[PDB]
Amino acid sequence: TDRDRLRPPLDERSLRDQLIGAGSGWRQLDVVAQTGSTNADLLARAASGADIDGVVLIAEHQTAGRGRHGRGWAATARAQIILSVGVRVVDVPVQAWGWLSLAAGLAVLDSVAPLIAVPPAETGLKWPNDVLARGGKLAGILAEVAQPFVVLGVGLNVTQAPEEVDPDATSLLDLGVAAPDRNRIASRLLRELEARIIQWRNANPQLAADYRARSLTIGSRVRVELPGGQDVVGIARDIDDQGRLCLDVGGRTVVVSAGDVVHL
């Protein structure tokens, strides 16, 4: 109830002013009061012929949010930055598309990391789509294909209470950021995202280096839950050129393209 006072609406006109124009790759930005899923919405635009490259859709509230492989994403009004962007990908070899999602996580982390007074333990990226802080999930990322595009979706907990959405969640507010400004954070996020997408498109080695530098997974003992329910336990060693997680399982290398990681 008290957090409602900490949740003013986004300023669409201001965001457009900052993010659309010379020197920016963003072509269109809309803030909607509510939708089922920003990712579904941009996918639908693309399916009906729209050019969604550089298009940004932000929702104040999202009622049927999607997580990875069939799961959901929970939100309440004005508690998160909930957005999707369109990225033309057909010019880039399909092998490299995995890195687009890792790039997005890096952009989200970099957009908020300074806001914390002192970095609590376990602040960084958990493979393949998670921004963690103090062991809690601060943001989740979802990439979906609609040729010639990928739709990249970000759900970032700004004032969202864990009790409102998930026991393993956290938020900037719950990390001690007393009055987070979503307008400032959204602008920072989209500027970081633009740079990382450009790096991805040009196979810039700094993208992988920067990802490794913020990885909480690399070097850690992990249990990885694979699609289909199997678990593999090992030590995460690296990410390969396809964005896949390279596991050491007692001297054998197991490369995982998709799965859920638990740090042990």
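The first residue of the sequence shown is number 1, and the count goes up from there. The term rigid core refers to the maximal set of C-alpha atoms that superpose within 1.5 Å between the two forms.
Positional deviation of Cα atoms in 9 other deposited structures of this protein after core superposition, greater for 120 to 128 or 137 to 145: With the rigid core fitted, 120 to 128 is the stretch that strays more in 9 other deposited structures of this protein.
- prompt: Where do the C-alpha atoms have the higher mean temperature factor in this entry, in 46 to 54 or in 194 to 202?
  reply: According to the PDB entry, the answer is 46 to 54.
- request: Return whichever of 139 to 147 and 76 to 84 has the greater mean Cα B factor according to the PDB record.
  value: Looking at the recorded C-alpha B-factors, 139 to 147 comes out higher on average.
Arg66, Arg223, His61, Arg212, ranked by C-alpha B-factor: the highest one: If I rank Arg66, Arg223, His61, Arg212 by C-alpha B-factor, first place goes to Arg66.
message: By the recorded C-alpha temperature factor, relative to the other modelled residues in its chain, which third is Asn183 in?
response: According to the entry, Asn183 has a C-alpha B-factor in the chain's middle third.
- request: Pull the Cα B-factor of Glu164 out of the PDB entry and bin it into the chain's lowest, middle or highest third.
  value: Highest third.
query: Comparing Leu102 with the other modelled residues of its chain, is its CA B-factor in the lowest, middle or highest third?
result: Middle third, going by the recorded CA B-factors of the chain.
message: Ranking every modelled residue in this chain by its Cα temperature factor as given in the entry, which third contains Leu10?
response: For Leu10, the deposited C-alpha B-factor lands in the middle third.
message: Splitting the chain's C-alpha B-factors into thirds, which one does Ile20 fall into?
response: Middle third of the chain for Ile20's C-alpha B-factor.
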